[PDB]
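First, one chain by itself in structure tokens, the form deposited in one PDB entry.
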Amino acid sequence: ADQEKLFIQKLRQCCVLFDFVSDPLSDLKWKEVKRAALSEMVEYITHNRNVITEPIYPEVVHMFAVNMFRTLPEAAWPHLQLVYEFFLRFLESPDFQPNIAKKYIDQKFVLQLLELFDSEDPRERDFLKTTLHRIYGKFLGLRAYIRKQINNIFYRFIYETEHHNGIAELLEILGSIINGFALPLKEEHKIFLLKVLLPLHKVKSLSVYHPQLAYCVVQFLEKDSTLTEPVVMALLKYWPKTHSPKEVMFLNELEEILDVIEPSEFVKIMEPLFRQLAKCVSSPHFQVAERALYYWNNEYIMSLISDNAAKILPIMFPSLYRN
């Protein structure tokens, strides 16, 4: 269709990976041609209507695969960024039809996409995060495979000691998934929370992805509040027995839990929690104590304490109160 033909031509043109190690002038020329070709199509697919036809889909997916599905160790990032931006605009288009795209965006594609999450470039991981989040939401028949494959990446790292650079981004995607769970939480999701999310707190590199991890845990509790006890107890279990600045994170996570905790569930764990909180106030590390003392500023926590002061106050101030 003339313009469809040119679109496909330019897409395929961006599948030629060149290098002139003996001609810097020709190399920059080719790079710019490719950069311009991508830029044109980015603008073209973004602002034009009804340009994504059925024959376009395999060309876009192939162009992405040829360019992105590479081996890791980039320097030629302005090229990769354009491919990411184009493919995202492709996925996000109002004319995008998953029923057509599901043929080319499959499990092998998703799996290869996930392998890129181990990239050391934060910019790339960010694009992959947005991309996979889009793919997950658009393709129902991949959600199960995606969940399991993310599960596998997590079941590694923790146990298999297979370090991963994209744990944060993946958890951020998961947080988006958890927030939209169906009313009775499937057992598979409960199993995941208790057997994967919680043990993630014991890993040494927790600092890198802790805010994302905490959000997932909190979101899990805003869904089914009955999961409060095994979470808090595990968090108290994975709590640093050595007084360390790492405690502030747990205190951040714990207060964020208390902000969404139900009173009936608060009672179940208020004693071991505040026994730990009391230790934090007594901490040799000022940062830890300062963070723990900030709990009293929370009005909802105060509500829970004031209506349970008979058992909590003797724990926080044993010299001033008794049972």
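Start at 1 and count along the sequence shown; that's the residue number. In this text, rigid core is short for the largest set of C-alphas that superpose within 1.5 Å between two forms.
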{"property": "Missing from the model but present in the deposited sequence, between residue 73 and residue 74", "result": "10 or more"}
{"property": "Stretch exceeding the other in mean C-alpha B-factor - 259-267, 40-48", "result": "259-267"}
{"property": "Between 150-158 and 81-89 (mean CA B-factor, as deposited), the higher", "result": "150-158"}
{"property": "Highest recorded Cα temperature factor - choice among 209, 127, 109, 192", "result": "192"}
{"property": "Peak C-alpha temperature factor (PDB record), options 170, 182, 236, 213", "result": "182"}
{"property": "Chain third (lowest, middle, highest) by recorded CA B-factor, residue given as residue 116", "result": "lowest"}
{"property": "Among modelled residues of the same chain, the CA temperature factor third for residue 6", "result": "lowest"}
{"property": "Ranked C-alpha temperature factor of residue 174 among modelled chain residues, by third", "result": "middle"}
{"property": "Cα B factor band for residue 141 (lowest, middle or highest third within the chain)", "result": "lowest"}
{"property": "B-factor third for the C-alpha atom of residue 14 within its chain", "result": "lowest"}
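A second form of this protein, the form deposited in another entry, is not displayed here; the remarks below concern that form.
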property	result
Residue 26 C-alpha shift between the shown form and the other one of 2 Å or more, rigid core reference	yes
